[PDB]
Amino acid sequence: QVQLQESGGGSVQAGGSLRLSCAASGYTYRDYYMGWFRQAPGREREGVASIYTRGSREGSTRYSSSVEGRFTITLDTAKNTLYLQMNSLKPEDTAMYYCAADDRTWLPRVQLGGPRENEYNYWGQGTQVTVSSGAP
């Protein structure tokens, strides 16, 4: 059982940048996989990025084709905090962003693209990101 809580969202002009934070608390010793999801207004939730926590940063991250080269997911194991650096934001990135954690080391996982929703047990409440062409 892990408890996640996102932060760092807001409303930014197009082309600007943002950095989300998601602090894990609880049994943070056994959550082997973490990721970011987003939900556009009126649309289904989709996986953005995923990361394996106990790797040596050797191919341990996977991104969606829509955010590849623009978003980077990192993890501070010392402070138990997940991060998602967002640069060159376009209006299509306006969504509610959720972090998720999983403890099932045996679970099959998609090896091409963003994480699926079924691959994570624990979720955060979400943080809102709004990208507009003009200055909000």
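Start at 1 with the first residue shown and count on from there.
Asks: If you average the CA temperature factors as listed in the entry, which stretch comes out higher, 99-107 or 56-64?
Replies: According to the entry, 56-64 carries the higher average C-alpha B-factor.
Asks: Averaging the C-alpha B factors as listed in the entry, name the stretch that ends up higher: 26-34 or 40-48.
Replies: Result of the comparison: 26-34.
Asks: When the modelled residues of the chain are sorted by Cα temperature factor, does residue 18 land in the lowest, middle or highest third?
Replies: It belongs to the middle third of the chain when residues are ordered by C-alpha B-factor.
Asks: For the chain shown, is the CA B-factor of residue 72 in the lowest, middle or highest third of its modelled residues?
Replies: For residue 72, whose C-alpha B-factor we compare with every modelled residue in the chain, the answer is the middle third.
Asks: Could you look up the Cα B-factor of residue 130 in the entry and say which third of the chain it sits in: lowest, middle or highest?
Replies: Tercile = lowest for this residue's CA B-factor.
Asks: Relative to the other modelled residues of the same chain, rank the CA B-factor of residue 113 and answer lowest, middle or highest third.
Replies: According to the entry, residue 113 has a C-alpha B-factor in the chain's middle third.
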